[PDB]
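Enquirer: First the structure, which I've put down as structure tokens, then a few questions once you've had a look.
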Amino acid sequence: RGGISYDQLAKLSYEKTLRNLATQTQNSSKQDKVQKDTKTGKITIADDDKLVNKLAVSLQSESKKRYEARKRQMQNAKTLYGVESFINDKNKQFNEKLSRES
Amino acid sequence: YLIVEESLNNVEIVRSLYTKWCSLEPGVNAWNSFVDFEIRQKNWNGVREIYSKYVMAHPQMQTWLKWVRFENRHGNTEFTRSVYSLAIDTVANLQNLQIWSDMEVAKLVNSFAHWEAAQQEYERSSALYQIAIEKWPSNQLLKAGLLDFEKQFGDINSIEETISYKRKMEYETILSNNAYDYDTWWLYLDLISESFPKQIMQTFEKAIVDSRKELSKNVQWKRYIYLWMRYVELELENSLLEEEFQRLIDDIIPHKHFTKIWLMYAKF
Amino acid sequence: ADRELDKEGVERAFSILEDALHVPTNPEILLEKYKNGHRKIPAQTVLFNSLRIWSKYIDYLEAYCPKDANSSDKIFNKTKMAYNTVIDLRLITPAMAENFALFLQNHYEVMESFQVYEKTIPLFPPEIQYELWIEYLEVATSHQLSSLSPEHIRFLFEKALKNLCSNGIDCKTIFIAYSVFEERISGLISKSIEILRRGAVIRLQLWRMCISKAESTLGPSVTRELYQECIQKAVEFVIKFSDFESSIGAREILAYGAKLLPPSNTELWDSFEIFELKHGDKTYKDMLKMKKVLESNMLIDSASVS
């Protein structure tokens, strides 16, 4: 049991997004360079604007999905426990935090 | 850095990134994701170059046996035994460095042999057990893992030859630990009288009758007596019968030269 | 297959079913690419994996082979390679692994059927190995063709018995099979320390009790050591067994009745024990009444504690 370290958590997050990129290519397949300017020193990479848009969309979708999966957790945990005496929400979140200690 | 360039299908930038990242020797999570990257890209010649470097960065059998799990997944027989030949030579070449344990080298010898058993060459499966036990006489795990290979793939006289040795070492280590367990002596002698007959066979019978006082003890000497007697015998018989006998010496003189040795042993 | 077996020969039934079972180069990659393939890769390529296909293929071979095969025949060489291919494909069920080892023992290939048990036990998890070790250790000791040395049979037990109790199974029979055979081939009572280990693993009361009967046949010096070790609901049963040993060979038994009653609640069975020890004599209903008096006083003390 126990917790998962950050180097093991990062690999599992990297393994998970590779399966999201695998099925994204499978759902697409189901439906149907390097230039180095010598004067400036800058390196320009030419890439597809669709794959850059799909990168920007999927990060926003994962940002909203974790935002909504946490918002429902806020609305559920506020309306679970009311037995022990509280005063405000920061007291409830602290007295619940004492319960996970024991 | 990787999963963004994965998302852009820039396969030459993640490859350049991984070459740098595996140059700084980071750990086994990076390499295992780098061999999983080339499987995606089907670069079979490139992923074979990684395991050439991956065993040099993490010298240990779970990196070598991962590389033979790669090759036996693809069934290329010419490439797999080349990796197997490189893995077992490097243990021999780098014996003095002491970086592979006795349990660790037993996984290489067994996975080499059980692959050669599936490749129908039992004479290469059998001979490597002899070179490994001689090359390493210290590790008992490679000797004991030799036996399970004979149990599965060997002919019956060869198993009985090797079985007789492991029973010899295990009977020897209990009797050195436990002092007077007379029922294990009566098998350990009969281990050597049955299958070990030789100078050792006589010698243990000395070493047993060394260990021999109980009612539980003395009949073991009776066994060694006849074991000697079946094949001196009077001379050892007088030495043991000295435990005490005035009636015995009077019984001895009347029926030693008169009647036999069997009569002489009857007094004892 | 089934329509062609009736209309045409079983050799025709093999040949249409041989085309199913080509193991091409690499089953590990094809199995995985099929499972990862989202319904695009056909199951025509990974048709070899199917157990149902192999069992009824084999059952045609094992029915077609003669009662005396003796390894000269083509078919016995054919069904053995088809059986060994199932083990190499690793898709072999434990009832099917028995059917192949049974198959070799009928056709006098007994010493190769010990290889069959040897290959498969590694592959299976315990709670299933216990049913293979019964059939493997029984062929080693009971079957008439198996000429295995008594240090080789003792290897087969104490490789199993140590391995199988390590993962943790009751192992009541294997202890007894290593206990029963020791007289038929060796013939000394080393049986006890071989069977003591059943009582003290790290049902068990039913292994400890039958053997402490057995050394009262041989010799009382190795009985009385067990009577001590037997006592160290289940604890109460062990105390009762110790009282029975005392009756076979009385003060130590009564004091044991105290030790057991003090081991644990209820103690009336222990009263039956001491009463049995008193009844066993062919002396004065004085020590007995004193005993019941001591037991009653102890019960009163327990009531005071409660």
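We label chains A, B, ... in the order they appear in the structure tokens, count residues from 1 in each chain, and number ligands from 1 in the order shown.
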Could you write out as a ChimeraX atom specification the residues of chain C within 10 Å of chain B, counting only C-alpha atoms?

Expert: /C:24-30,88,111-120,147-152,154-155,186,188-191,193

Enquirer: Please identify every residue of chain A that has at least one atom no more than 9 Å from any atom of chain B, counting only C-alpha atoms, and report them as a list in words.

Expert: residues 7, 8, 11, 14, 15, 17, 18, 21, 33, 47, 48, 50, 51, 52, 54 and 55 of chain A

Enquirer: Report the closest atom pair, with its distance in Å rounded to one decimal, for each residue of chain C that has an atom no farther than 10 Å from chain A; count only C-alpha atoms, sort by chain and then rising residue number, and write it as a Markdown table.

Expert:
| residue | atom | partner | partner_atom | distance |
| --- | --- | --- | --- | --- |
| C:37 | CA | A:26 | CA | 9.4 |
| C:38 | CA | A:26 | CA | 8.1 |
| C:40 | CA | A:30 | CA | 9.5 |

Enquirer: Kindly export the residues of the current selection with N, CA and C atoms, as a PDB file, in the first residue's frame.

Expert:
ATOM      1  N   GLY C  37      -5.709  -4.337 -30.549  1.00  0.00           N
ATOM      2  CA  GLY C  37      -6.392  -3.933 -31.767  1.00  0.00           C
ATOM      3  C   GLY C  37      -7.879  -3.771 -31.518  1.00  0.00           C
ATOM      4  N   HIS C  38      -8.397  -2.598 -31.897  1.00  0.00           N
ATOM      5  CA  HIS C  38      -9.820  -2.254 -31.640  1.00  0.00           C
ATOM      6  C   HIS C  38     -10.698  -2.856 -32.739  1.00  0.00           C
ATOM      7  N   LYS C  40     -10.160  -4.358 -35.391  1.00  0.00           N
ATOM      8  CA  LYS C  40      -9.704  -4.336 -36.774  1.00  0.00           C
ATOM      9  C   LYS C  40      -8.933  -5.598 -37.127  1.00  0.00           C
TER      10      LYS C  40
END

Enquirer: For residue B:249, work out the shell of residues within 12 Å, counting only C-alpha atoms and skipping chain neighbours fewer than 4 positions away, then give it as a PyMOL selection string.

Expert: chain B and resi 238+241-242+244-245+253-256+264+267-268

Enquirer: Next, the residues of the selection above should be written as a PDB file, in the first residue's frame with N, CA, C and O atoms.

Expert:
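Writing the result to result.pdb gives the following:
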ATOM      1  N   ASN B 238      36.259 -54.604  20.394  1.00  0.00           N
ATOM      2  CA  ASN B 238      36.765 -54.540  21.756  1.00  0.00           C
ATOM      3  C   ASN B 238      36.834 -53.106  22.249  1.00  0.00           C
ATOM      4  O   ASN B 238      36.666 -52.856  23.447  1.00  0.00           O
ATOM      5  N   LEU B 241      33.201 -52.184  23.221  1.00  0.00           N
ATOM      6  CA  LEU B 241      32.674 -52.995  24.322  1.00  0.00           C
ATOM      7  C   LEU B 241      33.316 -52.649  25.655  1.00  0.00           C
ATOM      8  O   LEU B 241      32.911 -53.177  26.699  1.00  0.00           O
ATOM      9  N   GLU B 242      34.317 -51.768  25.642  1.00  0.00           N
ATOM     10  CA  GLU B 242      35.032 -51.283  26.818  1.00  0.00           C
ATOM     11  C   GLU B 242      34.192 -50.350  27.698  1.00  0.00           C
ATOM     12  O   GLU B 242      34.707 -49.793  28.666  1.00  0.00           O
ATOM     13  N   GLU B 244      31.512 -51.013  29.674  1.00  0.00           N
ATOM     14  CA  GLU B 244      31.375 -51.694  30.978  1.00  0.00           C
ATOM     15  C   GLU B 244      30.116 -51.319  31.753  1.00  0.00           C
ATOM     16  O   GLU B 244      30.179 -51.016  32.949  1.00  0.00           O
ATOM     17  N   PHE B 245      32.226 -56.447  33.030  1.00  0.00           N
ATOM     18  CA  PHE B 245      32.718 -57.165  31.859  1.00  0.00           C
ATOM     19  C   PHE B 245      33.634 -58.304  32.273  1.00  0.00           C
ATOM     20  O   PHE B 245      34.279 -58.935  31.432  1.00  0.00           O
ATOM     21  N   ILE B 253      36.862 -65.595  26.546  1.00  0.00           N
ATOM     22  CA  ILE B 253      37.946 -66.572  26.471  1.00  0.00           C
ATOM     23  C   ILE B 253      37.420 -67.963  26.138  1.00  0.00           C
ATOM     24  O   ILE B 253      38.142 -68.763  25.528  1.00  0.00           O
ATOM     25  N   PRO B 254      36.177 -68.286  26.479  1.00  0.00           N
ATOM     26  CA  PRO B 254      35.712 -69.661  26.280  1.00  0.00           C
ATOM     27  C   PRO B 254      35.230 -69.904  24.863  1.00  0.00           C
ATOM     28  O   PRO B 254      35.185 -71.046  24.394  1.00  0.00           O
ATOM     29  N   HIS B 255      34.851 -68.830  24.181  1.00  0.00           N
ATOM     30  CA  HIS B 255      34.233 -68.961  22.871  1.00  0.00           C
ATOM     31  C   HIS B 255      34.723 -67.879  21.908  1.00  0.00           C
ATOM     32  O   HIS B 255      33.943 -67.282  21.163  1.00  0.00           O
ATOM     33  N   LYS B 256      36.029 -67.610  21.893  1.00  0.00           N
ATOM     34  CA  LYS B 256      36.596 -66.746  20.861  1.00  0.00           C
ATOM     35  C   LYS B 256      37.442 -67.542  19.880  1.00  0.00           C
ATOM     36  O   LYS B 256      37.155 -67.568  18.680  1.00  0.00           O
ATOM     37  N   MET B 264      32.202 -63.966  18.522  1.00  0.00           N
ATOM     38  CA  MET B 264      32.873 -62.877  19.221  1.00  0.00           C
ATOM     39  C   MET B 264      31.983 -61.647  19.304  1.00  0.00           C
ATOM     40  O   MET B 264      31.918 -60.984  20.346  1.00  0.00           O
ATOM     41  N   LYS B 267      29.055 -61.531  22.099  1.00  0.00           N
ATOM     42  CA  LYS B 267      29.343 -60.997  23.422  1.00  0.00           C
ATOM     43  C   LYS B 267      29.044 -59.510  23.494  1.00  0.00           C
ATOM     44  O   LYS B 267      28.502 -59.024  24.494  1.00  0.00           O
ATOM     45  N   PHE B 268      29.410 -58.772  22.448  1.00  0.00           N
ATOM     46  CA  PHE B 268      29.048 -57.366  22.377  1.00  0.00           C
ATOM     47  C   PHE B 268      27.541 -57.197  22.269  1.00  0.00           C
ATOM     48  O   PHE B 268      26.972 -56.244  22.815  1.00  0.00           O
TER      49      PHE B 268
END

Enquirer: Could you pull out the helix (DSSP H, G or I) residues of stretch 59-137 of chain B from DSSP and send them as number ranges by chain?

Expert: B: 61-74, 77-93, 102-118, 122-135

Enquirer: Wanna dump the stretch 98-214 of chain C-stretch 229-253 of chain C contacts at 10 Å for me, each residue with its shortest atom pair and the distance in Å to one decimal, counting only C-alpha atoms, ordered by chain and number, as a tab-separated table?

Expert:
residue	atom	partner	partner_atom	distance
C:196	CA	C:229	CA	9.6
C:199	CA	C:230	CA	8.4
C:200	CA	C:230	CA	9.4
C:204	CA	C:234	CA	9.9
C:205	CA	C:238	CA	7.3
C:208	CA	C:230	CA	7.6
C:209	CA	C:241	CA	7.0
C:212	CA	C:245	CA	7.8
C:213	CA	C:245	CA	8.1

Enquirer: What's the 10 Å shell around residue B:216, counting only C-alpha atoms, without same-chain residues fewer than 2 positions away, as a ChimeraX atom specification?

Expert: /B:180-183,212-214,218-220

Enquirer: Quick check, in Å to one decimal: how far apart do atom CA of residue B:206 and atom CA of residue B:263 lie?

Expert: 23.2 Å
